[PDB]
Structures are given as C-alpha cells and as structure tokens.
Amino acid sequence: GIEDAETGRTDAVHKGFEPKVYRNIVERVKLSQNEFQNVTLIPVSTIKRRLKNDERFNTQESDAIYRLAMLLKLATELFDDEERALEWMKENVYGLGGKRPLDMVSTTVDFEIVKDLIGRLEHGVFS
C-alpha cells in the first residue's frame, strides 16, 4: 500500500512533491496557473520557481496539492467518471453553500466538509 517503493502518500508530502505532480494535475484538471494558485493558495511565483529550478514543493505546498488530488480521487469515485468529477469540481454545489468543490481545498476545514459531503452523496444521506 505504498506508492513507488517507499514514497506512499505520507512520506511523499514531507519528502516534497516533484514538479511532475503539478504538471500532471494541471493537465488533468485543465486549470491555469492562476486557477491552481486560487485553489491551493500556493503563489504563482513559487510555482514558477519550483518548475525552473527543478525544486520539489515544500511540505505545506505539497499538503495543499494533496488535498486537491484527494478531491479529484474522491469525486472520480463518486461519479465513476473523471470528466463528470471535473465538471462537479468546477460546479457550484448547494451543500457547499454555493461554493464549488475547488474552493474547498485551501484549508483542511473546507476539505473535511467536502469529504463528508462526498460520503453522504455516496451513501444517500441528507444534507
């Protein structure tokens, strides 16, 4: 249950996400550097500096990226389709008070709220 050989998910965040992770995410979620900054609160200059110097993202930045990737995973599990997961991630949600799920990965509180919403939807619990 470990990614690669020892990276896993916990060790990956503290070791530091490689910029390839950011590249794959920005290609899969189809969001610009400004939109990535908006969802993860990671400065645009920081992203450019990581990409050019081939420097891995730090642990708080990697934790932000992790919350976003976990949102992608949970939504794809919800819809059994990545495209519908993305549409819903960019869609305003009544259970989030009108905020889209992408706006709910900046902190851990919003991330817990959206995770519980996804669980309720899976199990048909009323919100």
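When you see a residue number, it is the position in the sequence shown, counting from 1.
Look up the CA B-factors in the entry and say which stretch, 17-25 or 114-122, has the higher mean. Of 17-25 and 114-122, the stretch with the higher C-alpha B-factor average is 17-25.
Where do the C-alpha atoms have the higher mean temperature factor in this entry, in 5-13 or in 104-112? Higher of the two, by average CA B-factor, is 5-13.
Looking at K99, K30, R67, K90, which has the highest CA B-factor as recorded? Top of the list by C-alpha B-factor: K30.
Looking at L51, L78, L72, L41, which one carries the largest C-alpha B-factor according to the PDB entry? Comparing C-alpha B-factors across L51, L78, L72, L41, the maximum falls on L51.
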